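As structure tokens, the next two blocks hold two forms of the same chain, structure 1 and structure 2.
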Structure 1
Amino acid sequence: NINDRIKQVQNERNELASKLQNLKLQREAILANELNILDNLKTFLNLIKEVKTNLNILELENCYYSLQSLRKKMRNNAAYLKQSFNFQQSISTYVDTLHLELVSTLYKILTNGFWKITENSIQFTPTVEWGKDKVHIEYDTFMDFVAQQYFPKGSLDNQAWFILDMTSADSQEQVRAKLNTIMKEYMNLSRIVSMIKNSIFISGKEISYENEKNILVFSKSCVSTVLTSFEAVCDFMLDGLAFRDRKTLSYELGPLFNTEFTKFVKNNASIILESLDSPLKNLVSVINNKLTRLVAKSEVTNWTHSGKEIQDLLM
């Protein structure tokens, strides 16, 4: 319908141009002014089309910047502000839906594309071919601009233009609710955090990592098994996650890992230390060093893992 609105203004402008030339005096100077307003209005309307097109072709980053510029013009654009209450009402309603469709689209791409989370499994895929046209999207690039545009410094910015510039209160809430769920599930990985917490170091809860498909699998299932399951989580974080997400999960789970791994080993030292050399003891050693590498790779500073305490225990 933007195309139709562009067409109506073009026809008004053309009929006015003809009316003016038909005249050819202070009645001429106002029609020429009126014409320039319609010309500027045309340009304004083309920006709304730009937003829609960028959403359509999945230039999602550009769409945001297109919208940002539009909302500034809705504030200050002389041609726009010369339009009627009825006109602006219809514009606002439509632009509100564009805010909503944009963020709804990001949620879909995240929920139905990059991540596949079920009752018993977490799969991550770092690229997607999205929609009817199978547009290639890379996760790193995608989430870089998403975090930048919508969640700078990691939280929902409720006083930022993207929410604040929304016209109607109900649409604004819809945009806010969607962005909140995105922040929770995809900036903070809340479902992933809970799943890992609820299964690690629990007897009879098994965890495996399928590295080729990139799936962390939780299933119904001894000391080695608890360890191989915790190691699957470590492998998933080291080798399976994007940089951003390894950092976030290491920040959130690190202190739990340090305390829960150390106590498990201490409490099961006798079996672990039964032989001089064993696969069991080897596995404990490998996990201990994987925790060291996880702290380093994730670049967090809220926990450390020298490996020292456990390296000493195995001696």
Structure 2
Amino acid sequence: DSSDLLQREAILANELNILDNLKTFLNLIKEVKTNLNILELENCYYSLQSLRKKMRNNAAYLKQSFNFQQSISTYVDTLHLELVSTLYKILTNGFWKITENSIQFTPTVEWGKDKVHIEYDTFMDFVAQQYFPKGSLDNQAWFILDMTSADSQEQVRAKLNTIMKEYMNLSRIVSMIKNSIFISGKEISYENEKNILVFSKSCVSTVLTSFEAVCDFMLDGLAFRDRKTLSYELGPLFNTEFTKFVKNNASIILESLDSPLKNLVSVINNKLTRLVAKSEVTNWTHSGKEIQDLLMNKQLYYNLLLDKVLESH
């Protein structure tokens, strides 16, 4: 009974220490949650940074009984998922909306009930820094690594992985464009007002006009970031396939001196040239000389005919 009395006095002696400790944790969690509600999502990451610092450093923390301690560490986990999920929704469904035959981009959004202004470059600046600072996804980073619930961690990875794969490396956009340009019966269109690139199903004119849609979208539809990424990835192919197509349809494009397909071919040519300059890449070039010449000099048409004939002659 004096042991019961002792224990009771031990417990009470540690009470104010426990509540003070709890009070701190709640203040740090309040921080995370405040920032998340007011969509200060850059800050919110640093709020989680301090919190995971304090949790890593509290030696009492891991000594708390299983279920109680686990429930706090899981709460904070789902704040990890909440911040990333909010990031992913603003990105994959605010700045970008990519259906299976549309690609839409907007450099600005007014998000949530309180309608807060967010700018794509500012946003993508901190997102890159915090989650992909090496240029790829940091799988050894505390954000992923400190999480202690399997399902919420898998989900955080998945979301961050696709943000890299599809909204940084633009992989799906790159393949949608790749699978349509210069392919007969695959139409593409560009509505500059709503800034959407629409893929359809449906001649030499239609192919050129739809490749011009792609061009216009990259020239005028994108942030510097993504024009550069797509141009890096597609530029080589743009080059090979524009000219191959023009040469293959010479007799319809070049057979007359002032054929109306020449205006369109000219325009796409100067646009491809503006693209290289504008995207600032170095993996491909486009002076546009070869096409300017071909369109201007009838003899070059005759040369193609001559050349083609001599292959199987």
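Residue positions are counted from 1 along structure 1's sequence. Under this definition, the rigid core comprises the largest set of C-alpha atoms superposing within 1.5 Å between the forms.
- In the overlay on the core between the two structures, a shift of 2 Å or more in CA position is seen for a single residue of 79, 227, 215, 137, which is 79.
- Fitting the two forms on the rigid core leaves the C-alpha of residue 65 displaced by at least 2 angstroms between the two structures.
- In this overlay on the rigid core, residue 176 has a C-alpha that sits 2 Å or more away from its partner position between the two structures.
- Relative to the superposed core, residue 190 undergoes a C-alpha shift smaller than 2 Å between the two structures.
- The Cα position of residue 240 changes by 0.4 Å between the two structures once both are aligned on the rigid core.
- At residue 32, the distance the Cα travels between the two structures is 14.4 Å after the core is superposed.
- The two forms line up on their rigid core, and residue 112 then has its Cα shifted by 1.3 Å between the two structures.
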